[PDB]
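Student: Residue numbers (the authors' numbering), protein chains in the order written: chain E, 57 to 112; chain b, 2 to 192; chain y, 29 to 106; chain c, 24 to 310; chain C, 52 to 102; chain Z, 5 to 291; chain U, 192 to 270, 318 to 426, 435 to 763; chain D, 71 to 140.
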Amino acid sequence: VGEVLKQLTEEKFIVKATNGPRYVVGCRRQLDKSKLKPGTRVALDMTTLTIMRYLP
Amino acid sequence: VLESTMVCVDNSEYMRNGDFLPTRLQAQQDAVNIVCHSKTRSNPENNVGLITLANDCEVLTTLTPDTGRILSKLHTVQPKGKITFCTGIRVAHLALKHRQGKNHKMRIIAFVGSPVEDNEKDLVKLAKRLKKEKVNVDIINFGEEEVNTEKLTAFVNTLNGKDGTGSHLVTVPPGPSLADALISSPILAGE
Amino acid sequence: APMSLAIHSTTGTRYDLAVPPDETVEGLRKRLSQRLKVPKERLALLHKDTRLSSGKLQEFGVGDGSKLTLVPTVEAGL
Amino acid sequence: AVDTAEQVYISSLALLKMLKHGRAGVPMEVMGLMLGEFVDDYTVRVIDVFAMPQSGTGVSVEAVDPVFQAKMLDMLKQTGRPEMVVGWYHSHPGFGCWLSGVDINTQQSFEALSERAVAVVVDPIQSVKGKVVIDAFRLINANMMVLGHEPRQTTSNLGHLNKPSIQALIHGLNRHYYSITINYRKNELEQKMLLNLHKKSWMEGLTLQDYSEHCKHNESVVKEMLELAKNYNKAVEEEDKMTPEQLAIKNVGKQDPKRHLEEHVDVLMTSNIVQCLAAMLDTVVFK
Amino acid sequence: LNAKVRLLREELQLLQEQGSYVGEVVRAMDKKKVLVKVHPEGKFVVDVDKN
Amino acid sequence: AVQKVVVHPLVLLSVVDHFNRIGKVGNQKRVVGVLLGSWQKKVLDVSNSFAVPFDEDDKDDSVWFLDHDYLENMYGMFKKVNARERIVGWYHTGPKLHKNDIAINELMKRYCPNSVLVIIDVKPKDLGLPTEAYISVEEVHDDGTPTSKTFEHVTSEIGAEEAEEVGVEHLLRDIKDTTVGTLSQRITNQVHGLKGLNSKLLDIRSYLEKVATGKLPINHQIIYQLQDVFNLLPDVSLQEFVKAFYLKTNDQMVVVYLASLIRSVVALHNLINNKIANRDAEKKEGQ
Amino acid sequence: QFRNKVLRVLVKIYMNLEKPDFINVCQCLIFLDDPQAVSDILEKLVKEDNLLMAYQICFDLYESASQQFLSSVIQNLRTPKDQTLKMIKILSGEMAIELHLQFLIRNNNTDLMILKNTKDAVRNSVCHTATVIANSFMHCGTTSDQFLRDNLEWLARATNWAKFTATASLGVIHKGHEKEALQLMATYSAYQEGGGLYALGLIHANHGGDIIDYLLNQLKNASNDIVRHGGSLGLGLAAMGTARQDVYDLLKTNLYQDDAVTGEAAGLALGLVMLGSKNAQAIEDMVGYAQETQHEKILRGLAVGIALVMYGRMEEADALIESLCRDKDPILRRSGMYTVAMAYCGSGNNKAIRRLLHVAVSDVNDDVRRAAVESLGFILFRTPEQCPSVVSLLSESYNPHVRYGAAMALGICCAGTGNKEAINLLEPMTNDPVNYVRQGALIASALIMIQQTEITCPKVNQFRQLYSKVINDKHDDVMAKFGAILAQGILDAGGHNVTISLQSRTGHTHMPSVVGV
Amino acid sequence: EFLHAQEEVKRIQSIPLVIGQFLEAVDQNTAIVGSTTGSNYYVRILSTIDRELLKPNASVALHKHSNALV
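1. Indicate whether the contact test is met: 3 or more Cβ pairs, each with one atom in the region 53–61 of chain y and one in the region 107–123 of chain c, closer than 8 Å.
2. Anything in chain C within Cβ reach of residue 643 of chain U, meaning under 9 Å, just list it in chain order.
3. With which residues is residue 108 of chain b paired in a DSSP beta bridge?
4. By how many angstroms is the C-alpha of residue 93 of chain c removed from the C-alpha of residue 84 of chain Z?
5. Which chain D residues are close to residue 110 of chain c, counting only those with a beta carbon under 9 Å from its beta carbon?
6. Which word fits residue 54 of chain Z, buried or exposed, when buried means at least 16 other C-beta atoms lie within 10 angstroms of its C-beta?
7. Are the C-beta of residue 62 of chain C and some C-beta of chain D separated by less than 8 Å?
8. Quickly, what does DSSP pair residue 121 of chain c with across the bridge? List them, please.
9. Kindly confirm or deny that the region 271–278 of chain c and the region 189–202 of chain Z touch, where touching means at least three C-beta pairs closer than 8 Å.
10. Flag residue 99 of chain C as yes if its beta-carbon sits less than 8 Å from any beta-carbon of chain D, otherwise no.
11. Can you find the residues in the same chain that come closer than 6 Å, C-beta to C-beta, to residue 637 of chain U, ignoring five residues on each side of it along the sequence?
12. Looking at C-alpha atoms only, which residue of Z:266, Z:206, Z:195 and Z:204 is the closest neighbour of residue 245 of chain c?
13. Run down chain c in chain order and give the residues with a C-beta less than 8 Å from the C-beta of residue 76 of chain E.
14. Based on Cα-Cα distance, which residue from U:266, U:734 and U:763 lies nearest to residue 352 of chain U?
15. Counting only runs of 4+ residues fully inside the region 666–723 of chain U, write out the alpha helix (DSSP H) ranges in chain order.
16. Chain D partners of residue 271 of chain c, CB-CB under 8 Å?
17. May I ask you to list the residues that DSSP assigns as paired with residue 250 of chain U?
18. 8 Å is my cut-off, CB to CB: does residue 178 of chain Z come that close to chain U?
19. Taking Cβ positions only, does residue 128 of chain D come closer than 8 Å to chain E?
20. Between residue 640 of chain U and residue 133 of chain Z, what straight-line distance do the alpha-carbon atoms span, to the nearest angstrom?
21. Is residue 99 of chain b close to chain Z? Criterion is C-beta to C-beta, closer than 8 Å.
22. Examine the Cβ distances between the region 587–601 of chain U and the region 556–567 of chain U and report whether three or more of them are shorter than 8 Å.
23. Pull up the CB-CB distance for residue 213 of chain c and residue 17 of chain Z, whole angstroms please, since I reckon it's below 8 Å.
24. State buried or exposed for residue 546 of chain U, treating a residue as buried only when at least 16 other CB atoms are found within 10 Å of its CB.
25. Just to confirm before moving on: does the CB-CB distance between residue 88 of chain C and residue 94 of chain C stay below 8 Å?
26. For a contact defined as C-beta to C-beta under 8 Å, what are the partners of residue 278 of chain c on chain D?
27. Would you verify that the beta carbon of residue 133 of chain D is, or is not, closer than 8 Å to some beta carbon of chain c?
28. Let me see if you follow: with CB-CB separation under 8 Å, is residue 51 of chain b close to chain Z or not?
29. What does the Cβ neighbour count give for residue 209 of chain c, buried or exposed, with the cut at 16 atoms within 10 Å?
30. Work out the CA separation of residue 145 of chain c and residue 105 of chain Z for me, nearest whole Å.
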């Protein structure tokens with residue numbers, strides 16, 4: 057679980073994972089990039105850390 | 002036998018006729034039903050397809066071993082226009098060509114009760130083409146027992162050559178539904 | 029009458045076998061898994077859009093040479 | 024015994040479909056099958072690749088519809104490609120080109136079916152706007168490893184294979200699976216097509232850029248040039264004087280005058296010169 | 052130019068290697084060992100190379 | 005009214021490959037298939053396709069076997085594979101359009117209310133894109149014959165998002181020619197545009213010659229358009245146009261002149277630096 | 192044309208001498224073709240009874256001129319009888335190779351201890367074949383075989399495409415031993439059978455006895471891809487240059503029997519047979535089969551075949567060369583570059599070098615870039631001092647295949663010459679961060695230092711020790727050891743009694759040498 | 071070739087990477103970077119970074135493992 061920080065270009069986002077490190081990752085297509093926005097939480101994947109599902 | 006059967010059906014404005022009880026269109030429906038059932042009782046994998054002959058000689062169903070879709074689609078038909086033939090036969094031959102099962106023998110059957118406005122020379126040339134393309138044709142004529150029976154006899158003789166028995170003609174005079182003739186017809190009697 | 033069968037393989041090896049008139053789907057899957065030295069669990073059978081999984085094959089109507097294709101169960105990941 | 028010089032010529036169509044599928048499937052280790060052919064003992068021709076509707080879990084994938092696949096096979100035989108299965112491919116978005124345990128098992132199955140099957144791996148995450156991160160693979164026989172036999176006789180220098188990747192080594196490269204060389208062959212139609220893809224239309228080819236926008240563009244460029252000249256003069260005011268050699272590039276990590284000057288002067292060359300040429304050429308060619 | 056581009060190719064090729072930590076020297080002793088702090092983590096001793 | 009259509013490299017290569025199939029299979033000279041894309045806005049994105057067994061006789065032109073049952077089967081099949089793909093058009097590999105096309109387009113429109121036909125020229129050219137986009141519109145012939153079902157041209161071009169770009173440009177780099185050299189590339193664009201214009205006017209001249217000889221009937225509409233073109237031709241020796249032309253060319257040359265000064269001064273600076281550095285170095289080797 | 196005119200004038204001047212130097216006369220005649228002139232001169236010398244002069248002329252002719260020229264002269268002479323027979327035999331070269339055979343036999347200085355070291359260092363089948371080849375090189379045409387008759391188990395350790403190379407090495411070792419041919423091979435599966443055919447061909451390399459007919463019969467009666475490939479290679483070697491329609495026909499049939507294994511050998515053998523003879527018929531046939539057949543292996547075979555077929559015709563190559571160089575396939579572009587090499591061998595044609603460098607630098611396929619630079623190497627051999635500059639600027643390249651090609655070009659340039667600058671430039675290359683590049687550096691250095699000593703070239707020790715170290719190293723690559731092993735085989739090839747020069751001692755290009763290299 | 075190769079480096083510039091702050095650039099091809107992981111590493115920078123945006127204490131990607139600035 058980590059909250060996105062910036063809509064970097066289109067398929068790139070800076071997300072600060074709750075554990076502390078900050079990453080840049082791309083998101084699965086079926087996520088309506090408009091939905092997620094600075095401050096929204098998301099569930100990145102173990103291995104690749106692509107944004108899988110945004111959360112309230 | 003493995004059989005891929007194309008079937009053309011006339012729907013000319015004459016098929017508005019009702020000389021055959023109950024009416025010509027319903028006689029065609031009966032004929033298609035009986036033929037489809039006969040083919041199904043034949044090798045089940047045998048495949049079937051349908052064409053309607055009109056001003057534009059349209060195609061209804063491509064090859065398929067089913068008969069439910071066949072009959073269902075054929076129901077939603079009304080007689081209109083005049084048979085264009087020639088083009089219909091060519092389309093049916095292309096259909097048989099583009100058949101998934103190549104092993105299946107290629108057989109066309111045409112319900113052609115109508116007057117045929119065709120040149121017999123081109124009929125003969127088409128006969129040559131089709132025989133060289135190795136497809137056997139069976140005609141079911143009703144109505145014009147005189148207008149086109151000679152033409153169709155010549156066409157069938159052409160297809161047969163000296164031994165091409167696979168070609169068949171069945172012309173039925175005025176009378177009841179086109180069921181008894183088909184069932185007691187050589188084309189299905191051989192079956 | 030050990031009816032034969034047409035076990036097609038999407039890879040191509042069209043090996044086949046004959047079994048008694050009544051045979052089990054899982055028994056046949058065992059036969060093929062043995063013949064291929066591969067586990068049964070990762071084999072899937074087909075019969076005209078039908079994924080044969082359990083039965084005597086007459087529950088599905090399999091006759092002589094009924095054209096059963098063996099699509100391998102492909103699963104990637106880690 | 025298999026050969027080292029074995030090649031896989033993948034159709035451009037196949038490559039495009041593989042890459043598009045995987046890029047769609049990130050992060051899912053999406054999977055697809057391909058139809059090719061085994062022309063001989065040294066070559067495998069890959070024609071087309073079609074995906075699998077299955078959408079499993081974010082760490083794994085699974086075959087769903089063997090009926091789906093059999094029907095695809097029959098129909099493509101009817102029209103399309105009368106090839107028939109030769110391997111399978113799946114994306115590994117950000118891992119390299121190695122085969123997981125399940126990957127290896129799927130393969131083992133594939134070879135069991137057809138001893139010379141192939142696996143394929145693609146990294147749409149890594150495949151760059153240029154070179155493309157892909158590879159082919161075939162397992163290594165544990166019987167051979169224990170008996171001391173070797174994977175392939177290398178009757179060639181086509182065994183360099185471009186420095187097998189350290190990551191692949193780690194994940195098991197050359198100890199259970201060995202890389203194979205990919206290639207691209209075009210029967211000239213797709214080739215000149217590819218050529219056509221980028222080519223643009225004479226619409227623009229002759230369409231002179233609007234001139235008001237161009238004048239303003241020149242205005243802005245000359246202004247930024249003036250400022251760059253000012254800072255360049257300041258920079259040269261010392262340059263070598265006061266000896267920044269020790270400073271070297273680390274004199275300042277920002278705002279090099281010369282590089283910006285040359286970049287913008289070049290771009291305004293391009294713009295102004297070509298627009299003037301188009302003006303001349305049109306004025307004279309439409310009469 | 053050829054040297055530039057070779058440098059670039061190699062740079063891509065072997066940037067996979069990990070970098071290095073920055074440590075604050077605290078004390079020194081025999082050439083064999085020297086003390087140093089590795090921020091943020093604790094203070095240790097290191098076996099210096101031949102520089 | 006679908007003003008704008010973008011085809012995609014994947015569909016392009018797929019059509020090419022299928023045409024190659026058919027060429028090997030026999031001699032059909034043309035082939036047909038279906039075109040899947042998401043009709044985003046009034047701008048179609050033809051982003052995938054698949055062939056359909058088609059045929060016709062060279063003589064009658066009313067005979068063909070487009071298989072609507074196959075069509076529906078695999079349209080649903082690809083819908084299953086992926087969702088955002090509902091038919092939008094159809095492609096044919098015909099060097100020129102055919103009469104058959106209107107009837108076939110009506111058939112396809114039976115599935116797509118606004119279907120788009122596209123001609124893909126497997127045979128190469130050097131003037132424009134290898135694709136053309138047409139739509140079956142009906143227009144009233146203001147005079148004489150009634151309205152007819154005739155095809156109409158729509159702005160067709162080509163694009164790719166990122167992944168298709170990577171794949172295509174990779175294969176290109178593998179077998180291609182020099183990339184954008186800026187000046188070189190855009191001058192090549194100028195000359196290519198001139199070549200295209202010349203070829204088009206060659207075509208129109210040939211048609212005019214055929215009409216003048218009487219090989220075909222006069223089309224007052226095509227005439228209308230031609231004399232509209234000529235009426236639209238400009239005047240260069242207008243003595244106002246020329247003054248403006250000289251004035252703005254003077255401005256263009258002024259900016260280019262200053263930019264040339266920039267280039268010269270920087271090069272001279274480089275020469276001074278290199279000379280002094282080399283002198284100091286050789287002095288060092290002297291001592 | 193002007194060169195030929197001046198040659199004719201000089202020949203006439205020579206003839207206009209108290210004791211005309213028929214040596215120079217026949218040399219210039221060879222440069223002028225004209226077998227009739229030399230035949231008539233020789234017959235006149237026969238009448239003069241100048242037996243020694245005729246012997247010397249015949250030996251020079253055999254050394255320099257081409258098989259077609261010698262055959263024309265042979266038939267013209269056939270048009318006392320003992321002296322005529324001696325002339326005929328000498329011109330055919332029979333016993334003119336037995337001399338060299340006995341020469342090596344009586345001088346076969348070979349330090350097999352170094353190869354014992356190597357075979358101790360050998361682990362992989364790669365280096366196994368490497369050492370097989372190196373031993374074949376060492377022995378060269380010697381009837382004495384040590385490893386093959388001693389390390390029988392070690393030989394057995396190699397199989398697959400190793401038995402073939404082993405039998406080929408056997409052929410190389412017993413090179414030229416025509417006397418027991420068809421009985422020597424009584425000593426030595436499909437691989438070994440094909441290798442036997444190939445080795446028989448090598449034994450009859452450029453010497454087309456009835457073995458050409460025998461190989462034709464066998465290759466026709468070949469029932470395996472491997473057997474067909476080996477027999478194709480052997481027959482092509484036997485009939486190299488001597489374009490014979492029956493042989494070309496059998497090769498065409500085997501080639502049309504589409505198969506990578508057989509196809510590669512078919513292409514090579516076609517090029518060999520029709521070498522320098524440039525039949526447009528066969529040219530079009532090969533080009534078409536190449537452009538239509540989908541087997542990159544056969545495609546390489548046809549590449550070499552089309553390059554070879556048209557060795558002569560120095561300038562009469564522009565059409566085909568331009569076609570190939572503008573062709574589609576990279577392999578066919580490579581074919582074109584090799585064809586340019588074969589056409590312009592030793593000409594130093596600046597147009598040819600323009601083409602070759604431009605393509606080697608601008609093409610998009612590294613394989614063809616490498617091939618093009620190697621072609622440059624072939625072309626510039628008559629002017630060894632020239633090549634170093636270009637091959638240097640190249641060798642220090644971006645593309646490791648470009649660097650490798652530069653190395654091999656230097657090797658061709660200085661083959662048998664032992665240049666100093668060439669080695670000065672090779673040493674930095676070897677020990678490079680790539681495998682094949684180092685392999686090529688090693689092979690080129692060995693080629694240059696062939697039959698050289700320390701005093702003549704004060705780096706042979708450095709490079710011999712480098713070979714020994716690399717062979718007895720761990721972290722070098724398998725192919726690096728392969729290159730080192732071949733480098734040793736080169737340096738100490740043939741009892742350390744043989745060298746490699748493209749042009750005969752008469753300053754005359756040697757077609758067999760060029761094709762072999 | 072150089073313009074071709076300038077692009078391959080983006081391969082190292084993959085998606086799943088880390089962020090940090092530029093602290094100091096040493097000679098030509100290396101810098102100190104305080105990664106968000108909490109530690110600061112000396113590592114050899116990538117080329118084609120323009121060496122101009124690396125202003126003191128500026129955000130910079132770092133490759134996930136190598137940690138070299140990308």
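For each residue, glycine too, the CB sits at the ideal point set by N, CA and C.
Tutor: Put simply:
1. Contact fails: fewer than three Cβ-Cβ distances are below 8 Å.
2. Locating residue 643 of chain U in the seventh sequence gives position 397, where the first residue counts as 1. Near residue 643 of chain U (Cβ distances below 9 Å), the residues of chain C are 53 and 57.
3. Working through the second sequence from its first residue, we reach residue 108 of chain b at position 107. Beta-bridge pairing links residue 108 of chain b to b:6 and b:137.
4. Numbered from 1 along the sixth sequence, position 80 holds the residue referred to as residue 84 of chain Z. Numbered from 1 along the fourth sequence, position 70 holds the residue referred to as residue 93 of chain c. Answer to the nearest angstrom: the Cα atoms are 15 Å apart.
5. By one-based count along the fourth sequence, residue 110 of chain c stands at place 87. Neighbours of residue 110 of chain c across chain D, judged by C-beta separation under 9 Å, do not exist; the nearest C-beta is about 25 Å away.
6. Taking the first residue of the sixth sequence as position 1, residue 54 of chain Z is located at position 50. Burial state of residue 54 of chain Z is buried, judged by a 10 Å Cβ sphere holding 16 or more other Cβ atoms.
7. What you label residue 62 of chain C is simply residue 11 of the fifth sequence in a count that begins at 1. So, interface residue.
8. To locate residue 121 of chain c, count along the fourth sequence from 1; it is residue 98. Per DSSP, none; premise fails for residue 121 of chain c.
9. Contact between the region 271–278 of chain c and the region 189–202 of chain Z is absent, because fewer than three Cβ pairs lie under 8 Å.
10. To locate residue 99 of chain C, count along the fifth sequence from 1; it is residue 48. Not one chain D Cβ lies under 8 Å of residue 99 of chain C.
11. Stepping through the seventh sequence from its first residue, residue 637 of chain U is reached at position 391. Result list for residue 637 of chain U: 652, 655 and 656, in chain order.
12. In the fourth sequence, the residue the question calls residue 245 of chain c occupies position 222. Residue 245 of chain c has its Cα closest to that of Z:266, out of Z:266, Z:206, Z:195 and Z:204.
13. Stepping through the first sequence from its first residue, residue 76 of chain E is reached at position 20. Proximity of chain c to residue 76 of chain E at the Cβ level (cut-off 8 Å) is not reached, the minimal Cβ distance being about 22 Å.
14. Residue mapping note: residue 352 of chain U aligns to position 114 of the seventh sequence, counting from 1. Comparing alpha-carbon positions, the option among U:266, U:734 and U:763 lying closest to residue 352 of chain U turns out to be U:734.
15. Entirely contained in the region 666–723 of chain U, the alpha helix (DSSP H) runs reaching 4 residues are, in chain order, 666–675, 681–695 and 706–717.
16. The sequence position of residue 271 of chain c within the fourth sequence is 248, counting from 1. Result: 97 and 98.
17. Numbered from its first residue, the seventh sequence carries residue 250 of chain U at position 59. When beta bridges are read from the DSSP output, residue 250 of chain U appears opposite no residue.
18. Taking the first residue of the sixth sequence as position 1, residue 178 of chain Z is located at position 174. Interface annotation, residue 178 of chain Z: in contact with chain U, CB-CB separation under 8 Å.
19. Within the eighth sequence, residue 128 of chain D is the residue found at index 58, counting from 1. It does not: the Cβ of residue 128 of chain D has no partner Cβ on chain E nearer than 8 Å.
20. Residue numbering aside, residue 640 of chain U sits at position 394 when the seventh sequence is read from its first letter. Residue numbering aside, residue 133 of chain Z sits at position 129 when the sixth sequence is read from its first letter. Roughly 40 Å separates the two Cα atoms.
21. Counted from its first residue, the second sequence places residue 99 of chain b at position 98. It does; some Cβ of chain Z falls within 8 Å.
22. The region 587–601 of chain U, when compared against the region 556–567 of chain U, does touch it at the 8 Å Cβ threshold.
23. Residue 213 of chain c sits at position 190 when you count from the first residue of the fourth sequence. Residue 17 of chain Z sits at position 13 when you count from the first residue of the sixth sequence. Confirmed, Cβ separation roughly 6 Å.
24. To locate residue 546 of chain U, count along the seventh sequence from 1; it is residue 300. Counting C-beta atoms within 10 angstroms of its own C-beta, residue 546 of chain U has 16 or more neighbours from the protein chains shown and is therefore classed as buried.
25. Looking up residue 88 of chain C in the fifth sequence gives position 37. Looking up residue 94 of chain C in the fifth sequence gives position 43. Yes; because the gap between Cβ atoms is below 8 Å, this pair is in contact.
26. Here residue 278 of chain c corresponds to residue number 255 of the fourth sequence, with the count starting at 1. Here the neighbours are 122.
27. Taking the first residue of the eighth sequence as position 1, residue 133 of chain D is located at position 63. Cβ-Cβ to chain c under 8 Å: no for residue 133 of chain D.
28. Counted from its first residue, the second sequence places residue 51 of chain b at position 50. Chain Z contact via Cβ: absent.
29. Walking along the fourth sequence from the start, residue 209 of chain c turns up at place 186. Label assigned to residue 209 of chain c: buried.
30. Here residue 105 of chain Z refers to the residue found at position 101 of the sixth sequence. Here residue 145 of chain c refers to the residue found at position 122 of the fourth sequence. Each residue's CA atom was taken as its position, placing residue 105 of chain Z and residue 145 of chain c some 40 Å apart.
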